[PDB]
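What follows is a set of notes on a single structure, which appears directly below.
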Amino acid sequence: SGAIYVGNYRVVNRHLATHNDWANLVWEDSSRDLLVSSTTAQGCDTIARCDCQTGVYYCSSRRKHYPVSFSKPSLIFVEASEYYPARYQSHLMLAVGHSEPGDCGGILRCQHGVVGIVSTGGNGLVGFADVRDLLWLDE
Ligand SMILES: CSc1cccc2c1N(C(=O)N1CCC[C@H](C(N)=O)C1)CCCO2
Ligand SMILES: [Zn+2]
């Protein structure tokens, strides 16, 4: 679990969005596993606007933050799970690192701010849904 709080927006994994999130929807994209809902109070997370490929992510299944190198946002095949059929997920970045189902929502950050959140994993890999292209989160 986990979310990004920027301005009057809450960014979560679409597959983990609560009933309150759908009742206050701003934008969602199943192909990116992202959902943005509106908030009453202002959030303090700063979104990164960069092309960094190194950062630190939070891994709830280890209660630890790990430094990682990660790929550029890409269209990547994700096998069928309990949340989606087999499909290509867009804007996804992979890194070599531990992740389990329960770790989705963990933040990935670089020196410029929030880069994305854990969205996929398996086989000693961890994948993050990029948010650096969503310029509108800043306004
Ligand atoms: C951090 S998720 C994870 C981590 C390790 C092993 C894993 C996972 N699972 C996932 O990758 N998914 C479940 C949640 C939604 C994902 C998506 N964006 O399509 C897919 C479950 C199946 C494969 O097994
Ligand atoms: Zn950066």
Per GNM of the chain with C-alpha springs under 10 angstrom, the most fluctuating residue out of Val115, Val96, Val126 is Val96
Just in segment 1-110: which GluC sites (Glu not before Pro) are loop by DSSP and have at most 13 other Cβ atoms within 10 Å?
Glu79, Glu82
Treating only the Cβ of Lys, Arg, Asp and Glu as charged (+1, +1, -1, -1), what charge dipole size does segment 7-139 show about its Cα centre? Round to the nearest 20 debye.
360 debye
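What's the local net charge at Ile107, with K and R +1, D and E -1, over the other residues with C-beta under 14 Å away?
+1
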Can you give the helix-only mean residue ellipticity at 222 nm for the chain, where every DSSP H stretch with n ≥ 4 adds -39500 (n - 2.57) and the sum goes over all residues, rounded to the nearest 500 deg cm²/dmol?
-500 deg cm²/dmol
Students often get this wrong: which residues of segment 99-124 have the backbone nitrogen under 15 Å from the point 7 angstrom along Cα-to-C-beta of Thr54?
109-112
Counted charge near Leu35, where neighbours are those whose Cβ lies closer than 13 Å (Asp, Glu -1; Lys, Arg +1)
-1
Let's test the formula: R0 of 30 Å, r as the Cβ-Cβ distance of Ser38 and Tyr84. What FRET efficiency results, to the nearest 0.05?
0.75
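Throughout, read-outs are computed from the coordinates displayed, never taken from laboratory work. With ideal geometry, Cβ positions are generated from the backbone for all residues, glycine too; neighbour counts draw on all protein chains shown.
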